[PDB]
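A.B. asks: Let me begin by handing over the structure; questions about it come next.
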């Protein structure tokens, strides 16, 4: 299935995944293409934060679903 | 104009599934650095 990851730069990252995929694995794919450390990768699903130790099925994430990506740095 | 909150970024942050309230408060403690604001608001 295909999903749409929205970046803080208004970019739409189209990735190939499946319900049986883990959040950690999803972020790993983003990390390879975007070059952003998975530790700073905060995935959001309709305002809800996604746990790395879960699967897409845990949140009933189906095809054509929009996921958000917040770049959480260290500091302020 | 005391527009410390950039319109573009406000919409971007809210589009992530967050209310304007979270944006204002997070931005208030960051001072324009919405990237850090998101890092702050997302710790809840």
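Here, residue 1 is simply the first one shown, and the rest follow in order.
Using N, Cα and C of the backbone, Cβ positions are placed for all residues, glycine too.
According to Swiss-Prot:
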DOMAIN    A:1-76  domain 'Ubiquitin-like 1'
CROSSLNK  A:6  ubiquitin cross-link
CROSSLNK  A:11  ubiquitin cross-link
CROSSLNK  A:27  ubiquitin cross-link
CROSSLNK  A:29  ubiquitin cross-link
CROSSLNK  A:33  ubiquitin cross-link
CROSSLNK  A:48  ubiquitin cross-link
SITE      A:54  site 'Interacts with activating enzyme'
CROSSLNK  A:63  ubiquitin cross-link
MOD_RES   A:65  phosphoserine
MOD_RES   A:66  (Microbial infection) ADP-ribosylthreonine
SITE      A:68  site 'Essential for function'
SITE      A:72  site 'Interacts with activating enzyme'
MOD_RES   A:76  ADP-ribosylglycine
A.B. asks: My understanding is the cutoff is Cβ-Cβ under 8 Å with a sequence separation of 6 or more in the same chain; which residues meet that for residue A:66 ((Microbial infection) ADP-ribosylthreonine)?
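C.D. replies: When sequence neighbours closer than 6 are ignored, residue A:66 ((Microbial infection) ADP-ribosylthreonine) has A:3, A:4, A:5, A:6 within Cβ distance under 8 Å.
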A.B. asks: What number of additional C-beta atoms lies within 10 angstroms of the C-beta atom of residue A:65 (phosphoserine)?
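C.D. replies: Other Cβ atoms within 10 Å of residue A:65 (phosphoserine): 17.
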A.B. asks: Report, in whole Å, the straight Cα-to-Cα distance of residue A:48 (ubiquitin cross-link) from residue A:29 (ubiquitin cross-link).
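C.D. replies: Between the Cα atoms of residue A:29 (ubiquitin cross-link) and residue A:48 (ubiquitin cross-link), the distance comes to 21 Å.
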A.B. asks: Check the Cα-Cα distances from residue A:54 (site 'Interacts with activating enzyme') to the recorded positions A:11, A:33, A:72 and tell me which is shortest.
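C.D. replies: For residue A:54 (site 'Interacts with activating enzyme'), the spatially nearest of the recorded positions is A:72.
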A.B. asks: Cα of the residue listed as 'ADP-ribosylglycine' to Cα of residue A:68 (site 'Essential for function'): how many Å, rounded?
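C.D. replies: About 21 Å separates the two Cα atoms.
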A.B. asks: Near chain B by Cβ (under 8 Å): which of the recorded sites A:11, A:27, A:33?
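C.D. replies: Near chain B: none of A:11, A:27, A:33.
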A.B. asks: So for residue A:72 (site 'Interacts with activating enzyme'), how many other CB atoms are inside 10 Å of its CB?
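C.D. replies: Taking every protein chain into account, the count is 17.
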A.B. asks: Across all protein chains in the structure, which of the recorded sites A:6, A:11, A:27, A:33, A:48 has the highest Cβ count within 10 Å?
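C.D. replies: Per the Cβ count within 10 Å, the most buried is A:27.
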A.B. asks: Minimum Cβ neighbour count within 10 Å among the recorded positions A:29, A:68: which residue?
C.D. replies: A:29
A.B. asks: With DSSP as the yardstick, break the domain 'Ubiquitin-like 1' (A:1-76) down into helix, strand and coil residue counts.
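C.D. replies: Once the DSSP states are binned, the domain 'Ubiquitin-like 1' (A:1-76) shows 16 helix, 26 strand, 34 coil.
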A.B. asks: Near residue A:63 (ubiquitin cross-link), which residues of its own chain have a C-beta under 8 A away, given they sit six or more steps off in sequence?
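C.D. replies: Residues satisfying the criterion: A:1, A:2, A:3.
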